[PDB]
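Chains as they are written, first to last, in UniProt numbering: chain A, 1 to 211, 227 to 265, 290 to 355, 416 to 435; chain B, 24 to 249, 612 to 647; chain C, 645 to 673, 716 to 1025; chain D, 626 to 657, 740 to 860, 872 to 918, 924 to 1027, 1041 to 1160.
Even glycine gets a Cβ: it sits at the ideal position worked out from N, Cα and C.
Have a look at the structure below, then the notes.
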Amino acid sequence: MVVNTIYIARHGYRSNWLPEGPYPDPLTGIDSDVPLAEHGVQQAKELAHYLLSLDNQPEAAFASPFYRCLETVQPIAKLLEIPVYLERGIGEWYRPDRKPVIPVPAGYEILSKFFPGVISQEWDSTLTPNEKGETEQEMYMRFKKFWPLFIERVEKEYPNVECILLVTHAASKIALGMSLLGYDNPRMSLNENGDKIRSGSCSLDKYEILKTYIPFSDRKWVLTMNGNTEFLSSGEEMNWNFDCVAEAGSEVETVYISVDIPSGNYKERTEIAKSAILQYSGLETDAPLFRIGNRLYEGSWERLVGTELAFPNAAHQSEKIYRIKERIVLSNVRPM
Amino acid sequence: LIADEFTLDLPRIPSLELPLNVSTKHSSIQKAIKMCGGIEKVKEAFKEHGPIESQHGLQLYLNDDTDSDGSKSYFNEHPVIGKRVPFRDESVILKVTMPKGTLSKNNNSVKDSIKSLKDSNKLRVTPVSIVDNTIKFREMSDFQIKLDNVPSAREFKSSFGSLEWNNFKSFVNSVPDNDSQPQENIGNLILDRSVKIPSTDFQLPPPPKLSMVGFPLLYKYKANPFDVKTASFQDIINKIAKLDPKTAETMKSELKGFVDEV
Amino acid sequence: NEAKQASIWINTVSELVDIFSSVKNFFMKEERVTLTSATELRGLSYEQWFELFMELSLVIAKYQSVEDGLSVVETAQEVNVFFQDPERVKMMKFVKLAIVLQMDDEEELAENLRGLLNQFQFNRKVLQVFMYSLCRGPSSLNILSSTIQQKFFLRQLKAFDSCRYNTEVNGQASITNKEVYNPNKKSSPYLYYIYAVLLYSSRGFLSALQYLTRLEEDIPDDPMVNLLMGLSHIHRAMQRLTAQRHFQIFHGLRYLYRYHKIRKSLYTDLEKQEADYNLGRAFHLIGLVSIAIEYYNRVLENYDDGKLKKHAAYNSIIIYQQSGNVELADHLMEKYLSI
Amino acid sequence: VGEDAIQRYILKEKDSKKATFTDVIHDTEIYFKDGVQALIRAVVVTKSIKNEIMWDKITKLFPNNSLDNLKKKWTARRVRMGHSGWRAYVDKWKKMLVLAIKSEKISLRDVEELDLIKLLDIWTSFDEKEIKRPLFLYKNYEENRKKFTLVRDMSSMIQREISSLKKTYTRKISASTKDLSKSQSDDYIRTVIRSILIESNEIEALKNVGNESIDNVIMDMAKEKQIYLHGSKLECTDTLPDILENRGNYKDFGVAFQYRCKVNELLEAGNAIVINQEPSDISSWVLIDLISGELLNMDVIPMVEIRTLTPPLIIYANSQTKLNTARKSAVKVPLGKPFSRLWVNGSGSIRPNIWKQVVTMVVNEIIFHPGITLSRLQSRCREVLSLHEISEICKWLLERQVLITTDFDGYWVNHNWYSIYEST
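This is the structure we're talking about:
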């Protein structure tokens, strides 16, 4: 198998969301194909740095070819130094009765004027939305059809691409994720506590295989990152879900804890493996259980004899400095 | 129902363990980074490499206020030195996502803030970053000397530290073109009596490093593993009187006899 | 309104400096525009122009930028009417140094200091400006520990001994300051002190004790000479080859306790606190941690001034952390090191 | 000037000096080859049995380069598993090797002769007994506890600096069940077993203890190498005797006591002591103690080479001030039922030797660690004393004024601490 990590990201902040105008008209001339606001100009550059900092970067990026989506991937493509492909299949959703009309996205030849050398033409679309707009049922079927075809095109057009980025729209993001996980409809919750795939401004997800060719239809996908937005100076904004009636874009007391894995010697360093996964249970208890890759661990709650400051902007006008003071020191565990 | 499988693909970020109680306010976290010389110094200090014996590290000032004339409130403070940890065991930072005012109702503890929401769906927890580089302050502070009532130090601080032109002219106009008495005490030039100082004090300024070691030495009351015995009491007091009769006369008037430590 | 007042004042002066700088007859490599302007130029005396150049450079460094401060003084160093006056060149070197002190350029600081020491030979106020300009950090220790500085000061010390005894000393610096008056043939305590510091700050403890004992003969009741002798003996005693280790530590404590008696008796409470702090730190250096905590506690409990309390608390925290008493370390942290 | 200036001042102060100024819990932005397992097991088998990696014999097991690729791959491999992985291999090997010897699946002579083929076949034949998938966690905490009963588990200047920077100092807020009574009683069994085996028709102290527990403790002491066993005679291993003999230097405290008395009598009599050679390691304690108390004045006999910087030193008492401490009170040694403490024998009597040794040992660790707590102190003495026995020793030392309680329940050594008992 080649494709083993799928990233999906919502476009930047649209110009029509501002509190006052003059609101600029679509430069592409297509109805609702508006430009990104200054928030989108900054926040797409943030996401480019954030994806560059991960030790699991994408090797190809597929844009929904709307202007806002291709504008969102432009800084990503520049800073990560990766090729961009069109894919209309991951396109916007419009309900059938939209007034005045159902907009159709611009093509490579005109997009090349706005995005010289960024875009590339060696990929035609996998499938395309109905020109008369789509009911939510036909819309969900569109995404259900898309995935098994799309990966079988990607893994044959490209010999070794393992990680891919999709840049797209709130309804599309949620529908792509829910269908990749396999749910009967995209309005379901992920769990009984009521969680859903989030979709605010610049919001990102990660889908990965659990731990020779095996059918994409047989593989099980894990949602390992679910609306990550920490890399945004204004945080997540304009969040949306299929519980909303209107089409998209038309108090949180945070604290930080450090979970430490002390090694039994001073001349050596405990290193967390690259592809690892974290699970926990019982943070409410005095002995939480943690999984970090193959090994199980049991904690202990502790207060630091000082203050630890972490600098996230300094990854390998304002700094997002974290105060760390409470800690969960993890001792190893033997299963019995 | 399986517990959520979160990513560890996350960014790797640096960290600073301050031996200070930094409160949650911006004013506090800002003052704390200013004690290290500003955010430029802190970011640069994480990029230093090479043998730990040579690393300049980060310099921490426990006293760093500024007086009315803009001079440092404690000129002469030798800094606490911090260095990058040679082998930092990696640790994951978790973001805990409480409702407004949960933390205060729990005596500012995150543990109790988790336990007080044991059945809630509002309390998100998610990993945000891995830390693999850290600066710690761990060597002792050097011998500190107070210059607050030393006349020449006050003249220096109030001129070269304040940058006040009235003071700087007054200072340079006072520096002799050539010095005729370089053998005599600087107090003979600097008349100021508002300060108590004994004329036995030459106002000798203090060195930039007194403790040539940052960690305590290994004395442990052990000797290193690697003649007046014949004299009379009168002969011993006579030898002491050769340099200073005052101590010799004091001794003769008080002591009953010497003993060899044998 | 002080930051804006400095900006407004700089803004008034920048105009006057533009009007004086646009006179290219002085600034040798807007043209040769001025001839025969005898004492005033553009309505102000050359003295007032010198004063404006210096005051501007200082206000610029204090409120806006250190490098911009140097650019202004460097223009002053190029102006012939400033360069040609002995009183102005003296003033100009000190104002340059004062701006250099606010930037971490070690080589620049070292070269400025060397220039002033070559000019004002044997001068006491200049020797104190040298050491005070070197009070903190690795940057200043690199200056004093360099072999260049050891050789430079050896040559001035030899030159002073030449003036003191009327004889030729091999490698002595030229006697530029012939105005010396020393009828009793005394040492210069400042030269002998700074030479002891240069050796000490480069781990030459045996050499530091020699020049320090030569100071004891002249100034035995000085706090710093006493302290620097005590610490020299302790460090010396800790080297691999020194037999007589216990005896040397007793000599160390002798001098530290002399410093203690001198500081505690003849000065105010600030110095009393200093005495307790430093003496405690000496026991800590030796490794006698149990005795150190008594002295640090005195620093915390007997006095009111908080500046040294932070240091006493910090070292106590390191001791208690090693002793495993984390709870006391956290009480100290909140009581003295809180922000 | 109108109200608008006052309101603009009030607003600028409200916007910059409000009591609830911008926090960090919100507003978090601040401006300014395939046999590699056979090789690992061969390193474990050799370094566990012979105490060292027997590379010469490992080379004869799995065919590879003369030392180089074996040594390189081993060195590369261990860093991927760390001390945690090494202990997992060592603990599993020790468990397999005791089970194999208990069931006689190897003859002891083959272990001594180091038959790597047989020894590796032992782990081989044992690994055939079980298989599992990488573990996972349930979202309910209790459910994991129902599904699984998870088991819990001096040098150079630069090496000290490296070690001191790696350590974290943290205050424990909570952990698993304290289980104090079982732990205390288990250690009380350790105390009583040690109190038997250290020197000498009934035992009294174990009468009330459950007969099931004794098996666990004698077993733990065997694993921890603290005991040997003839066909029906236990014996202590030399570790308990040696730790008491090395750390309990009471003969030195006896010399220090005499020396303090000589010095006190001389100085009170207005004599002065002259030092011209290095005082011995014992005279070092008593001299620095008297000096540190500010009770002694010092003067120097001047001279006139290197020797001029180290003249003979004179010491004398400052005035009528006293140097001798007040007369000793009857602070009774903690005692109880026979064998109940390390220092109490079977006839119910104080072992004066062991008492002098343990009191010296506990003061020795509290000297260099001012503020040391009873919990930390038990960790350093675990091969000898239970926590209760240290509570007894520390209470006696507080009553004799050798120690002072720091705030937050720590111990700190007073002046004249070497003055415990007369001897030597």
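Of the residues assessed, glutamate 63(B) falls on the exposed side of the cut-off, its CB having fewer than 16 other CB atoms within 10 angstroms. Cβ atoms of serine 199(A) and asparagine 254(A) come within 8 Å of each other, at about 6 Å.
The beta carbons of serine 127(B) and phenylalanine 646(D) sit about 16 Å from each other, so the pair does not count as a contact at 8 Å. Contact annotation: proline 875(C) and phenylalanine 225(B) have beta-carbon atoms nearer than 8 Å. Using a Cβ distance threshold of 8 Å, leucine 24(B) and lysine 1073(D) do not count as a contacting pair. In the displayed model, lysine 141(B) falls within coil according to three-state DSSP, outside both helix and strand.
Residues of chain C whose Cβ lies closer than 8 Å to the Cβ of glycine 345(A) are, in chain order, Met1019. Residue environment: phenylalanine 350(A) is assigned as buried (16 or more neighbouring CB atoms within 10 Å of its CB, all protein chains considered).
When secondary structure is reduced to three states using DSSP, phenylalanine 846(C) falls in the helix class. When secondary structure is reduced to three states using DSSP, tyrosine 634(D) falls in the helix class.
The segment 169-184 of chain B makes contact with the segment 811-827 of chain C: 3 or more CB pairs, one atom from each, lie closer than 8 Å. For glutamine 763(C), same chain residues with a beta-carbon under 8 Å away, outside a window of 5 residues either side, are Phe769, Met778, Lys782 in chain order.
Restricting attention to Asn988(C), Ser887(C), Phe969(C), the CA atom closest to the CA of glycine 1016(D) is found in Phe969(C). For the segment 934-953 of chain C, residues whose beta-carbon sits nearer than 9 Å to a beta-carbon of chain D comprise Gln934, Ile935, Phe936, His937, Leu939, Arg940, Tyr943, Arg944, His946. Of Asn160(A), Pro22(A), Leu70(A), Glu109(A), the smallest CA-CA separation from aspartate 33(A) is found for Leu70(A). Taking a C-beta distance under 8 Å as the contact criterion, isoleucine 1108(D) and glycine 1010(C) qualify as a contact pair. Chain order gives the chain C residues near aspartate 202(B) as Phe808, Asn809, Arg810, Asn863, where near means a beta carbon separation below 7 Å. Residue range 316-320 is occupied by the beta strand (DSSP E) that includes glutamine 318(A). Look at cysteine 959(D) here: in three-state DSSP terms it is strand. A residue is called buried when at least 16 other Cβ atoms come within 10 angstroms of its Cβ; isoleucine 998(D) meets this threshold and is buried. Cα atoms of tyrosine 228(A) and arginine 785(D): separation of roughly 33 Å, rounded to the nearest angstrom.
Taken through DSSP and simplified to helix, strand or coil, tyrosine 818(C) comes out as helix.
DSSP places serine 430(A) in the uninterrupted beta strand (DSSP E) bounded by 430-433. Under the Cβ criterion of 8 Å, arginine 111(B) is counted among the residues facing chain A.
When the beta-carbon positions are compared, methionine 121(B) and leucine 146(B) come within less than 8 Å of each other.
Leaving aside the five residues that flank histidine 11(A) on each side, the residues in its chain whose CB is nearer than 6 Å to its CB run, in chain order, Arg68, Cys69, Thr72. Shortest Cα-Cα distance from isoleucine 621(B) to any of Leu640(B), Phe249(B), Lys243(B) involves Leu640(B). Its chain contains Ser182 as the residues whose beta carbon lies nearer than 7 Å to that of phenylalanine 191(B), once the 5 sequence neighbours on both sides are disregarded; these appear in chain order. Listed along the chain, the chain A residues whose CB falls inside 7 Å of the CB of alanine 784(C) amount to none; the nearest CB is some 31 Å away. Of all residues in the segment 31-60 of chain B, those with a C-beta nearer than 8 Å to a C-beta of chain C are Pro42, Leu43, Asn44, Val45, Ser46, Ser51, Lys54, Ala55, reading in chain order. Per the Cβ contact rule, the segment 765-782 of chain D is not in contact with the segment 626-639 of chain D (fewer than 3 Cβ pairs under 8 Å). For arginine 912(D) and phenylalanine 933(C), the gap between their C-alpha atoms comes out near 43 Å. Scanning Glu849(D), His1151(D), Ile876(D) for the CA closest to the CA of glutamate 980(C) turns up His1151(D).
Within its own chain, the residues whose Cβ lies closer than 8 Å to the Cβ of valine 1009(D), once the five positions on either side in sequence are excluded, are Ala979, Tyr982, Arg983, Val986, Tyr1154, listed in chain order. Comparing alpha-carbon positions, the option among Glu109(A), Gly89(A), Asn56(A), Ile119(A) lying closest to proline 75(A) turns out to be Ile119(A). Interface flag for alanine 999(C) against chain A is unset, since no Cβ pair is found closer than 8 Å.
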